[PDB]
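Topology and contacts: notes
Here's the letter readout for the chains.
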Amino acid sequence: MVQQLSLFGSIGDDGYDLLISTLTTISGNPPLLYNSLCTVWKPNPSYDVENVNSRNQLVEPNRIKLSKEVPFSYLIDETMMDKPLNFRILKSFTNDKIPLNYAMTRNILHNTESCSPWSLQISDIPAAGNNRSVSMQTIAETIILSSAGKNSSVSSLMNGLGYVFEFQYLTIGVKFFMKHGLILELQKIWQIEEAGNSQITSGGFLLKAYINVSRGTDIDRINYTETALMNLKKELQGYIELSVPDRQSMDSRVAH
Amino acid sequence: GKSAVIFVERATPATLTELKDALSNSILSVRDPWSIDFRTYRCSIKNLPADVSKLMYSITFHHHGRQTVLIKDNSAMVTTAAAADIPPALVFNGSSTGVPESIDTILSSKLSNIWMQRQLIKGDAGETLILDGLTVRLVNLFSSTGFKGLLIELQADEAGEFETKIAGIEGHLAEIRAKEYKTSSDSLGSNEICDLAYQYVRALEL
Amino acid sequence: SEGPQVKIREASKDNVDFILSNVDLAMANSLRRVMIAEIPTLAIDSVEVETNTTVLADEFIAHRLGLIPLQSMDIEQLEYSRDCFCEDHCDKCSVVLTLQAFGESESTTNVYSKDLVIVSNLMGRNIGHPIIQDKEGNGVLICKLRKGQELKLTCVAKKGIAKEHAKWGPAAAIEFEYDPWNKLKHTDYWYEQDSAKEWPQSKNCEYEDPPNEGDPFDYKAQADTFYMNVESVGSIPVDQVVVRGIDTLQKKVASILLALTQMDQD
Amino acid sequence: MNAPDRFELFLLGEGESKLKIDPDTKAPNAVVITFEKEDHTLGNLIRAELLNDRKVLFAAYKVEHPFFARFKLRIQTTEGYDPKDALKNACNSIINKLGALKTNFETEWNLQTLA
Amino acid sequence: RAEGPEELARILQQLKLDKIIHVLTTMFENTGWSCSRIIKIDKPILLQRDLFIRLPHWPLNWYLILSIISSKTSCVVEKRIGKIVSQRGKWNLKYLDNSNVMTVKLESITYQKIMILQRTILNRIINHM
Amino acid sequence: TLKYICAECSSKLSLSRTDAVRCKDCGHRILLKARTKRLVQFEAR
Amino acid sequence: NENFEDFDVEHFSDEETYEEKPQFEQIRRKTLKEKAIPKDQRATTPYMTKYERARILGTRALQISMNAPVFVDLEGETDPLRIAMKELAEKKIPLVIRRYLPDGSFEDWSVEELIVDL
Amino acid sequence: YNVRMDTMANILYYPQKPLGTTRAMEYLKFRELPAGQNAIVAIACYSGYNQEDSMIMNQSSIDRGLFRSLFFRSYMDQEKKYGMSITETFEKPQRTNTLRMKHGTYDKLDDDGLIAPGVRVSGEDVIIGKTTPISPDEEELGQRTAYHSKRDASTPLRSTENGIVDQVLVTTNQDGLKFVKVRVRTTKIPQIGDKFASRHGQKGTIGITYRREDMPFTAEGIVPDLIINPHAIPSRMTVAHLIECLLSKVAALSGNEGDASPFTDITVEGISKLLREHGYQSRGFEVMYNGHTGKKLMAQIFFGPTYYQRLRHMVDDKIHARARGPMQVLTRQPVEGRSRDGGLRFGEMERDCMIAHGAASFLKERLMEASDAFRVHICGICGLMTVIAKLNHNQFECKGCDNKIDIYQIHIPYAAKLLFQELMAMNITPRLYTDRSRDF
Amino acid sequence: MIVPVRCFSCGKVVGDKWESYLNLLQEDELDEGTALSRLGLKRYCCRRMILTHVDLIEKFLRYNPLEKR
Ligand SMILES: [Mg+2]
Ligand SMILES: [Zn+2]
Ligand SMILES: [Zn+2]
Ligand SMILES: [Zn+2]
Ligand SMILES: [Zn+2]
Ligand SMILES: [Zn+2]
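- Method of structure determination, per the deposited record: cryo-EM was used for this entry, reaching 3.6 Å resolution.

**A closer look at the sheet that holds strand β4 (residues 40–43) of chain F**
- The strand order β7(C)-β5(C)-β10(C)-β3(C)-β4(F) describes an open sheet built from five strands, whose pairing is antiparallel. Edge positions in the open sheet fall to β7 (117–118) of chain C together with β4 of chain F, since each of these has one partner strand only.
- Judged from the four bridges that link them, strand β3 (residues 41–52) of chain C and β4 of chain F form a sheet pairing that is antiparallel. In the strand pairing of β4 of chain F, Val47 of chain C is matched with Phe42 of chain F.
- Along the sheet, helix α2 (residues 58–66) of chain C contacts β3, β5 (94–102) and β10 (150–160) of chain C together with β4 of chain F; its crossing angle with β3 of chain C, the most-contacted strand, is approximately 155°.

**Quick word on the packing of aromatic side chains**
- By the definition in use, this model includes 38 aromatic pairs over all chains.
- Put simply, the rings of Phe176, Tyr178 and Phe226 of chain C together with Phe217 and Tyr289 of chain H touch in pairs and so form one group of aromatic residues.
- Positioned above the aromatic ring of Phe58 of chain D, the side-chain terminus of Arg74 of chain D is 4.9 Å from the ring centre.

**Some remarks on the UniProt feature "binding site: Zn(2+)" in chain F**
Residues and elements named next belong to chain F.
- UniProt's feature table lists "binding site: Zn(2+)" at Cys6, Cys9, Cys23 and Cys26, given in the numbering used throughout. A maximum C-alpha distance of 8.5 Å places the annotated residues, which cover 21 residues in sequence, within one compact spot.
- Tracing the backbone shows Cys6 in strand β1 (residues 2–6).
- Contact partners of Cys6, with chain neighbours within four places excluded, come to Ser11, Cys23, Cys26, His28, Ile30 and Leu31.
- Positionally, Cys9 belongs in the loop between β1 and β2 (12–15).
- Setting aside chain neighbours within four positions, we find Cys9 in contact with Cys23 and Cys26.

**Here's the deal with the coordination of the zinc ion (ligand 6)**
Residue and element names in this part refer to chain I.
- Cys7 (SG), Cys10 (SG), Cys45 (SG) and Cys46 (SG) make up the full set of protein donors to the zinc ion (ligand 6), lying at 2.3 Å.
- Because the angles between the four donor atoms bound to the zinc ion (ligand 6) fall within 97 to 118°, the donor set is best described as tetrahedral.
- Sequence spacing of the donor residues for the zinc ion (ligand 6), all on one chain, is C-x2-C-x34-C-C. The residues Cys45 and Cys46 share a single accessibility class, namely buried.

**What about the UniProt feature "zinc finger region: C4-type" in chain F?**
- UniProt annotation of "zinc finger region: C4-type" refers to residues 6–26 of chain F when read in the numbering used here.
- Each end of residues 6–26 of chain F is marked by a C-alpha atom, and these two atoms are 8 Å apart; helix forms 0% of the span and strand 24%.

**Things to note about the coordination of the zinc ion (ligand 4)**
Residue and element names in this part refer to chain H.
- The coordination sphere of the zinc ion (ligand 4), as far as protein atoms go, consists of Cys379 (SG), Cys382 (SG), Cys398 (SG) and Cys401 (SG), spread over 2.3 Å.
- In this structure, the zinc ion (ligand 4) is surrounded by four donor atoms whose angles at the metal cover 103 to 117°, and the resulting shape is tetrahedral.
- For the zinc ion (ligand 4), the donor residues sit on a single chain with the sequence spacing C-x2-C-x15-C-x2-C.
- Exposure remark for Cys398: the relative accessible area of 0% places this residue in the buried category.

**A few points about the interface of chain B and chain A**
- Chain B puts 44 residues into the contact, and the matching count from chain A is 49 residues.
- Buried surface at the junction of chain B and chain A, both sides included, amounts to about 4000 Å², of which 63% is carbon and sulfur.
- Along the contact surface separating chain B from chain A lie zero salt bridges.
- For the pair chain B and chain A, the number of links is 19 residue pairs in polar contact.
- Listed by contribution, the elements that provide at least two residues to the side of chain B that touches chain A are β5 (78–80), α3 (88–92), α4 (103–109) and β6 (115–131) of chain B.
- Direction of pairing for strand β5 (residues 135–146) of chain A relative to β5 of chain B: antiparallel, over a ladder of three bridges. Each residue of the ladder has a partner; that of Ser146 of chain A, found in β5 of chain B, is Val78 of chain B.

**A word on the sheet that holds strand β1 (residues 5–11) of chain C**
- Taken in spatial order, the four strands of this open sheet run β1-β2-β12-β11 (chain C), and their pairing is antiparallel. Of all strands in the sheet, those with a lone pairing partner are β1 and β11 (174–177) of chain C, marking the two edges. Taken pair by pair, the neighbouring strands of this sheet meet at an average axis angle of 15°, ignoring direction.
- For β1 of chain C and strand β2 (residues 15–21) of chain C, the ladder comprises six bridges, and the chain directions are antiparallel. Counted as the bridge partner of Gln5 of chain C is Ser21 of chain C from β2 of chain C.
- Packing of helix α2 (residues 83–111) of chain D onto the sheet brings it into contact with β1 and β2 of chain C, and relative to β1 of chain C it is tilted by some 35°.

The rules we used
Residues numbered from 1 in each chain as written, not as in the entry; some residues may be left out. Chains lettered and ligands numbered in written order. Part of a larger assembly, values for the part shown. Heavy atoms only, no water. Pairing = 2+ DSSP bridges. Helix = DSSP H or I, 4+ residues; strand = E, 2+ residues; numbered from the N terminus. Contact = heavy atoms within 4.5 Å. Axes fitted to C-alpha atoms, helices over the stretch in contact; angles between N-to-C directions. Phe/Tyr/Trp six-rings, centres within 6.5 Å; stacked < 30°, edge-to-face > 60°. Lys NZ or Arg CZ within 6 Å of the ring centre and 35° of its normal. UniProt positions renumbered as here; feature names shortened; annotations may be inferred. Donors = N, O, S within 2.8 Å, 3.2 Å for Na, K, Ca; no water. Tetrahedral: all angles 85-135°; square planar, octahedral: opposite > 155°, others 65-115°. Buried < 20%, exposed > 50% of the residue type's maximum accessible area, 1.4 Å probe, protein only. Buried area = accessible area lost by both parts, 1.4 Å probe. Salt bridge = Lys/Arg side-chain N within 4 Å of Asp/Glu carboxyl O. Polar contact = N/O pair within 3.5 Å; in protein donor to acceptor, adjacent residues only side chain to side chain.

Pasting the structure below:
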């Protein structure tokens with residue numbers, strides 16, 4: 001049960017390369033290009049559910065999300081084969097134009113036998129205790145290794161759990177594994193739709209500095225990671241503002 | 001290779017060692033002990049339509065690197081909880097969170113308003129015996145009310161000559177006065193682990 | 001054979017009277033307890049009431065219906081409902097009975113256990129039939145109906161043991177006696193003037209030699225030669241009560257062996 | 001209201017074993033075995049038939065509270081005799097005695113022709 | 001991890017007899033004899049060890065009982081013929097041939113004697129009924 | 001709308017909200033609500 | 001309401017019986033520094049009373065339960081009361097007792113110097 | 001009783017006429033409407049669970065209907081016309097347009113606001129739905145809108161109670177207003193804590209329940225339904241209990257009813273002769289066997305049927321706990337009664353016992369942190385509680401003294417604050433000061 | 001109210017013996033002890049179930065049914 005202590009920030013598109021150089025100097029590690037297609041599934045509205053669970057406690061309906069790494073051949077628009085895969089690729093991705101259209105994601109979901117590995121994540125609202133200076137969130141995570149059968153498609157599999165597809169988004173970014181086990185992502189976010197792709201992070205990069213801790217009861221480890229995150233905010237202080245986002249934004253539960 | 005599953009529904013609690021001494025001259029070596037718990041989830045939707053089953057079977061092999069398979073309407077879900085067998089791409093891009101949780105814990109914690117656990121069949125402290133180009137894995141299954149039956153898992157490295165091995169094990173089981181076992185070799189469609197879990201599902205159902 | 005010895009004195013449809021010799025007191029008492037409590041039996045476990053215009057309460061009727069003895073010859077072939085993959089009950093783990101009685105007569109209409117009708121599929125087993133012992137052919141009197149009153153309900157019979165509820169007990173009263181002459185002195189007889197005449201001799205005193213009144217107390221003698229009369233409720237034959245009790249005790253001891261061997265290899 | 005269900009007098013709950021064996025530090029070569037979901041029926045049988053073993057120095061059982069269907073069985077054996085093997089031999093002899101009793105009851109019941 | 005000199009001497013003698021066991025079982029398994037490691041006997045009749053070797057072409061539940069005896073000086077091997085059965089997870093010598101036993105020296109066993117033993121053992125098993 | 005039974009006539013009557021609570025056959029002003037049509041489960045212990 | 005014939009006695013209710021019969025200095029001043037009896041002339045017992053022991057154990061356990069530093073080595077002990085009793089056993093509780101004499105004067109007895117005889 | 005909708009009603013399943021009976025109770029119709037059951041009673045110190053008027057009652061006999069009883073509780077409700085538009089209505093309320101709905105369920109109600117007979121109910125479930133209109137355009141509790149034209153006046157079930165709706169009775173009162181009566185039926189199965197008495201003043205509760213295989217048993221296989229203690233007999237000198245058990249044993253064997261009228265010429269010796277004629281020890285003793293081990297008990301046990309009565313004091317109607325709950329409007333102390341989730345009286349002489357123990361802080365915690373902890377401000381000049389405190393603005397002021405810098409807060413019981421304000425109403429000044437003025 | 005199915009003490013089924021007990025009483029003119037012994041109730045635990053039973057159900061049956069079909 002991973003607790004995710006994270007901070008968030010934003011930069012413009014013009015300050016991207018300066019931030020890459022700055023975090024290369026701070027980390028000592030070069031940026032690594034990464035991508036992940038995240039498909040978010042909501043519970044079936046046609047199914048009458050109970051507010052209670054198998055236990056006598058009340059449970060709200062929560063969207064759950066699957067993620068996997070799309071190969072970068074699907075994200076190059078037949079102009080960047082000569083350019084090597086590094087942090088300079090994200091300079092080109094400015095508009096809504098992404099080679100990953102809706103039909104290729106439907107081909108990925110419907111698997112048109114055995115499926116690619118996925119990562120199912122369930123996240124609740126971050127804690128409301130106003131004594132923590134970082135956004136602390138709980139993520140229930142599992143890895144779908146493979147699938148088979150006549151309904152091996154992950155869409156029908158997720159329909160098997162009672163979950164329907166709501167939306168999906170593609171994020172491409174660069175990340176730094178820094179010192180003391182801190183991961184610093186710097187990502188664009190595109191929403192994939194039938195009407196066309198939409199760049200959510202329009203003309204800017206979403207910044208996420210997170211540390212994953214396995215045990216939520218290790219208060220020493222929690223405080224150590226929080227001090228590391230506040231330290232990183234202190235070196236980045238003045239240049240870029242890192243702050244705890246609103247908990248209402250990180251609430252993935254279905255409202256009604 | 002290929003696998004088949006024999007589940008003697010009604011055998012004595014000491015049939016496992018009785019079957020072991022039946023294969024006294026065929027065992028080459030004994031590997032590490034293994035175990036498995038079998039779970040069954042019933043869908044708790046108050047208004048379910050037709051053409052959909054309410055039963056989902058969760059099969060967690062403690063061997064094959066701590067892997068859980070979910071079966072519903074002949075559809076599989078190979079799911080892991082170990083940190084070792086995560087693909088490096090899933091942990092590199094941050095889609096994974098370093099260490100995962102078992103899908104049984106997710107279903108019994110964050111999905112209990114849809115699926116509740118009904119039956120748990122913990123076949124623990126099993127043994128692995130190696131025949132001539134074969135691997136029999138004997139275990140005693142246990143529901144809530146004590147003994148349930150003897151579960152035999154057949155595994156071969158190859159698959160060219162496999163049904164003769166199944167016939168030999170069936171003849172050995174008939175030699176120890178057990179005639180009403182429910183064998184199963186049905187595959188899906190096709191991984192080995194998912195097919196083994198499906199064979200467990202057909203073996204444990206009647 | 002060498003071991004415990006059985007000599008049956010009287011055998012009946014619902015009674016067996018036997019002498020259990022060459023056996024310890026713990027084994028005989030454990031057999032008595034297992035027969036009382038640990039033998040699986042079929043009994044009505046859940047009653048779904050559709051119509052009840054009788055003068056009896058619904059759960060009054062349900063408690064009466066649970067206590068109706070049902071045939072349990074093939075109760076091994078049934079499964080526990082908690083061990084079954086069905087949602088509530090099915091033919092693999094339960095027997096579904098029904099009861100539809102109506103007061104169409106001017107006089108009072110008695111509702112008997114013979115009016116219970118099996119509607120589930122028995123698949124050729126020998127369970128679920130209510131046990132009839134009296135000469136009239138009616139069963140246990142379940143309810144009484146005046147004119148116009150109706151009772152429509154559905155029973156689900158599930159297997160259980162008498163530890164869960166006494167309705168699953170097939171053993172009635174089990175007589176049990178050892179040393180009818182008090183030669184082991186396990187009782188110190190209360191008396192006013194003479195314990196020999198104030199205490200009536202049991203019927204099992206005829207099967208043992210009376211003490212000679214001059215011989216010393218035998219301190220080495222242990223308790224054997226148990227006089228047991230088992231009475232069957234009717235769900236299973238009384239010899240099957242004894243045999244299934246021995247089998248259940250054997251299964252418990254084998255389970256102890258199984259647990260010890262599993263944690264021995266780990 | 002507070003009455004427990006009647007099935008966990010004999011059903012193992014989640015995450016509990018039928019037996020658990022703890023070494024007893026008061027006496028050498030002695031263990032204490034806790035039998036879950038049993039009562040006096042098995043305890044008296046095992047204890048009184050363990051005492052027939054010549055290599056068992058101590059055998060006693062107790063149900064500490066009638067509310068909970070469990071008992072603790074303390075076995076102390078002579079040196080070189082593991083009390084686990086004493087329990088195995090005791091249970092095996094009880095199995096053999098019950099099997100002989102069952103077969104004798106079949107023979108004597110089949111001798112009855114008035115039933 | 002040997003504390004006393006007597007402990008190290010016992011460990012050395014155990015290493016000697018285990019080396020003899022290993023070289024014999026590698027000899028026979030490289031030949032093709034399905035040597036068994038799942039079988040233990042309380043006593044097979046100094047510190048000694050026993051090998052229960054078999055080749056799966058002569059009658060079931062029979063094995064060639066190889067018993068080695070080891071000391072600081074002199075170490076020989078006993079070639080016994082016996083029938084071992086498994087009953088309820090326990091191995092019992094249902095038959096043993098203690099009469100026609102020969103004790104060959106360790107420094108004389110070769111692959112040729114293994115060939116001779118393989119050609120002899122099936123006849124020896126047949127003659128034991 | 002909802003089924004009611006008079007106290008002594010035992011005749012099933014349907015009453016709406018605007019109707020006065022009386023028996024159309026007896027005029028007896030005590031009426032009993034009808035038993036529920038749904039099946040009710042009784043654990044036979 | 002209720003109507004029970006099992007007579008339950010109404011406790012704390014003697015007012016019925018009450019209404020049935022209704023007719024028939026030199027050494028120390030103010031709060032100066034003089035109030036403290038000095039250590040050399042303390043006249044109270046050197047033994048720590050059962051009430052002093054109970055309140056020191058309670059106060060120390062309340063502090064230990066509120067993340068106070070612990071001046072003894074823990075042997076896997078978890079309960080704050082048992083940690084407090086272990087601190088009291090080897091005299092590592094940094095508290096004092098102000099024993100008020102009836103005239104308002106007091107003696108300061110440290111927990112370290114008090115003898116735990118009970 | 002089925003056509004009587006009484007407020008409370010207890011009906012045994014299986015009334016038994018007594019084996020030992022008086023000639024007088026024929027005219028009392030006691031053999032026609034009995035009030036107890038002939039239970040096979042052993043007088044034995046079996047396991048120590050029947051000490052000090054406890055009893056051990058057979059769990060297997062309980063399973064077969066021994067002392068099982070029906071319990072009926074009727075709930076009354078009416079709709080009353082206070083004025084013209086302020087009238088109550090039996091209907092099923094909805095959360096959209098009704099204020100202060102109870103958090104229990106309303107799904108079991110019908111369109112008339114009444115639950116149908118036969119429906120199982122649990123604790124704090126609404127069985128009668130009633131709504132009264134309210135004044136529109138108010139602002140209460142925050143969750144107030146113009147949609148809420150009514151408020152909930154529904155009748156829930158008792159929180160500890162549950163059962164089956166047995167009969168629902170719609171009718172009109174004398175005034176013509178419709179009023180309903182709902183009868184809920186439940187069964188009280190005997191358990192540890194239910195009070196049982198013989199016909200001789202020998203009351204007691206079930207200490208424990210044993211099953212049949214753990215009970216002591218005679219050579220005939222008879223086990224008691226009830227084990228009572230021998231120590232209940234000699235100090236109370238209840239010889240008639242023993243004579244009843246002997247006479248009931250004889251009556252049950254002979255198939256008659258024992259004449260247990262007081263001043264007849266019926267002796268213990270005649271009953272003992274009759275009991276000996278039936279093949280039993282004449283004084284009622286039976287050689288019984290220990291149920292755990294099968295061994296003969298060294299003492300022989302007085303054994304036989306005795307008429308026992310199930311008393312109305314069940315433990316489940318008396319068990320009560322409260323961690324926090326509603327407070328009274330006046331004293332702001334925990335309310336009285338387990339029906340209203342009340343608190344337990346920590347009386348004056350309980351306080352005296354804690355004083356004698358020397359537990360000052362526990363006494364303070366009982367009187368303050370467990371009942372009523374009130375923070376009130378006083379000024380240093382006058383000891384009165386007449387300080388206007390604005391904690392959001394951090395402003396304090398006592399008018400008259402006109403001081404804003406000499407304010408103290410104290411923690412007193414709310415009953416103490418009420419006492420002081422009542423004393424100010426009687427023109428008495430209970431001035432509270434935080435510093436001494438005179439020496440000790 | 002109506003005859004219990006099983007004896008409370010031992011569990012012998014006595015609910016089927018009630019009408020035969022009444023028949024042995026009123027048309028065979030037997031006394032109650034011989035009637036109980038004729039039905040096979042030899043333990044007084046079983047004898048007191050039928051002997052002391054008051055059968056109140058027909059008193060309940062004299063009232064008209066509340067719901068008449
Ligand atoms: Mg008292
Ligand atoms: Zn089923
Ligand atoms: Zn009418
Ligand atoms: Zn003032
Ligand atoms: Zn104010
Ligand atoms: Zn009886």
